[PDB]
Amino acid sequence: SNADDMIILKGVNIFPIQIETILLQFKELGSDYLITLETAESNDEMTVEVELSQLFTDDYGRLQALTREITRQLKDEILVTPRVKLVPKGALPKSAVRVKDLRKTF
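Residues numbered from 1 in each chain as written, not as in the entry; some residues may be left out. Heavy atoms only, no water.

- Structure determination for this PDB entry was carried out by X-ray crystallography, with a resolution of 1.428 Å recorded in the header.

Focus on the overall build of the protein
Working step 1: Scanning the protein from terminus to terminus reveals two helices and six strands.
Working step 2: Along the protein, helices and strands appear, N-terminal first, in the series β-β-α-β-β-α-β-β.
Working step 3: Projecting the C-alpha coordinates of the protein onto the three principal axes gives extents of approximately 45 × 30 × 25 Å.
Working step 4: By the burial criterion, 39% of the 106 residues in the protein qualify as buried.
Working step 5: For the protein, the computed accessible surface area is about 6800 Å², with 50% contributed by carbon and sulfur atoms. (Helix = DSSP H or I, 4+ residues; strand = E, 2+ residues; numbered from the N terminus. Buried < 20%, exposed > 50% of the residue type's maximum accessible area, 1.4 Å probe, protein only. Areas by Shrake-Rupley, 256 points an atom, 1.4 Å probe, with all protein chains shown as cover.)

Brief notes about the pairing of strand β5 (residues 83-87)
Side-chain positions along a regular strand alternate between the two faces of the sheet.
Working step 1: Bridge analysis of strand β4 (residues 43-52) against β5 gives five bridges, and the strand direction is parallel. Pairing of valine 48 across the sheet is with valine 84, part of β5.
Working step 2: You can see the chain leave β4, run along helix α2 (residues 60-78) and come back into β5, and the turn it takes is right-handed. (Pairing = 2+ DSSP bridges. Right-handed = clockwise from strand over helix to strand, strands pointing away.)

So, unusual backbone geometry
Working step 1: Residues other than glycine seldom take positive phi values, yet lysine 10 does so here, at roughly 45°.
Working step 2: Take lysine 10: it is sitting in the loop between β1 (7-9) and β2 (12-14).
Working step 3: Overall, the relative accessible area of 47% leaves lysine 10 in the partly exposed class.

Next up, the structure:
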């Protein structure tokens, strides 16, 4: 997938496969994720959406804790803090584009 293609965010080189590897270890998550890069006002932001496993039906307290732990682990690896969003099973396009970069190349 384009996950193999190095990206650059606020000066920091990041290999999306790093993110994938971390996400895969969570039983609560499915294997499908989408990294979206965009320019918010002045600066660049990374969002990491990942599908929940169909087995995950726990309360919002647990969902929040899971989101926090994923965020922590990703920051430790890639050295920038992504915005992590857990989404329902099936919510991401299965039609392997793992990174959507909406920033301008300029």
